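In structure tokens, the next block holds one chain alone, the form deposited in one PDB entry.
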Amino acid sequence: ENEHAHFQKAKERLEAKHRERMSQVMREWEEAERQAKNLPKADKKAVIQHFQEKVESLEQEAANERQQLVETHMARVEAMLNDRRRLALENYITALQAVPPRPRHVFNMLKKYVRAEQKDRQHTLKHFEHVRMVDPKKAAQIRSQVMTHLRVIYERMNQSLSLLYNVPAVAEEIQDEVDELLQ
């Protein structure tokens, strides 16, 4: 959660920076108007255009900064989650092979593993849903890529969960608590 904090922080600074640049422009627009009070229409009809283009330019720059921020964030989070999933999966598989097997320990490890996968899915889905509400057409461009990722996560988790059946006794003892997890 230290990287979700680092992202929500960076997102706000970016907003404050943009909102700040937007203010000095609107301000400059004022001084430019006052200082053109005596210029001709054409030259006045041009100061408006100049500042609309400057505003438009600022918006594009902020949008760019947002996208670069999200991309980097998605890359970072992905590498961390995969690393988290691998470890948790390793611990879970190891728990299953303990002699004798400890139901509680198997459950705790399996839980950390399911949460990691649930986390990855939710995070991917949340970011894809964000883009779809803001830009439906852009979302349509990354849809297959996103759905493919979701299908991989789901299959991996279900494949990992079915391992529990190689230790039926253990599965019996913790089945209900596992259901609570998957729901």
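Rigid core: the largest C-alpha set superposing within 1.5 Å between the two forms. The first residue of the sequence shown is number 1, and the count goes up from there.
This next part talks about the form deposited in another entry, which is not shown.
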(message) Does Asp83 move appreciably between this form and the one not shown, meaning a CA displacement of 2 Å or more on the superposed rigid core?
(response) no
(request) Examine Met22 after superposing the rigid core and state whether its CA is displaced by 2 Å or more between this form and the one not shown. (result) yes
(request) Classify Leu163 as shifted (yes) or not shifted (no) between this form and the one not shown, where shifted means its C-alpha moves by 2 Å or more with the rigid core superposed. (result) no
